[PDB]
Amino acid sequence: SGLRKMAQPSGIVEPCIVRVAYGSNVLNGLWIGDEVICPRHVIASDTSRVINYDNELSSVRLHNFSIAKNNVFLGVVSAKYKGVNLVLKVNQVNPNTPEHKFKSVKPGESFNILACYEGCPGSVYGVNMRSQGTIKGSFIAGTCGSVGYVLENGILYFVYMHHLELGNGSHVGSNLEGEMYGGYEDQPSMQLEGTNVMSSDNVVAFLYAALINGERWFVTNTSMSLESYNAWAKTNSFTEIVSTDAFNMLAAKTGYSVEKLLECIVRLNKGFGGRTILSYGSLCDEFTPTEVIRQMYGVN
């Protein structure tokens, strides 16, 4: 039993991480095939002030890139912006390139961060995309270009590359096509995150995990209809539930309907009264139904 936020194993991704430096900027790149993908601000003269990315590309020189993995030094033969990323053609193919695909994650979806520090994989942890396109991680100077990935059905997808932190501490990155999640600019200027909308699907999964774990104190002899919950969610910064299909197995195994748990959300959002659920002191929307089923039942 137990519920922990996990990451999928990082081995397949680690050999793709390189150090990319330009001038005094140092970050990470993703070396796949004969390309290195990294955040384009590595070439900016001064990342502490608003950047004119036209001017930075105008004055770039390919020779000034310093890209390395251990004792392998990679020369840049072509450089393009692709959205907020640089795509750098290099003079060597990564012999450890894994089979892979690219996709974008959506709000409420979980994925893995390989946190890399000036070219060195340092740690791995799980995240969940928030409604405004942000994650709550732990990133510092030297960790841009850290890679997010997810394995599905034996297929490796690259889904995230790290770019910046907002003034409220939320973390912002892009897909590997260089589209920033949430639409944020790759600038140091103040950008607001709007209101965080909790993932109702994930809160339902969390309450199911507690029930699987034998923790049932919060369930009452009450239950809320789906339309009723959705009308409440729309004014309480929770998402509307569009389908209950993701909960069929959880409901069958625990014996608790989704609607009982919807009533629990509305009641518990007012506060836990000093109690905890799975050691949390308030509702948690970081776990998907899939994540809960996998770690608590060991299936799909």
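One-based numbering along the sequence shown.
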Per the entry, higher mean C-alpha B factor between 248 to 256 and 50 to 58: 248 to 256
Segment of higher mean CA temperature factor, 147 to 155 or 163 to 171: 147 to 155
Identity of residue with top Cα B-factor, from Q191, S228, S223, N202: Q191
Deposited CA B-factor, highest of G83, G108, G126, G214: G214
Cα B factor band for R130 (lowest, middle or highest third within the chain): lowest
CA B-factor ranking of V90, expressed as a third of its chain: middle
Entry-reported Cα temperature factor of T239, expressed as the chain third it lands in: lowest
Ranked C-alpha temperature factor of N96 among modelled chain residues, by third: highest
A68, C-alpha B-factor rank within chain (lowest, middle or highest third): highest
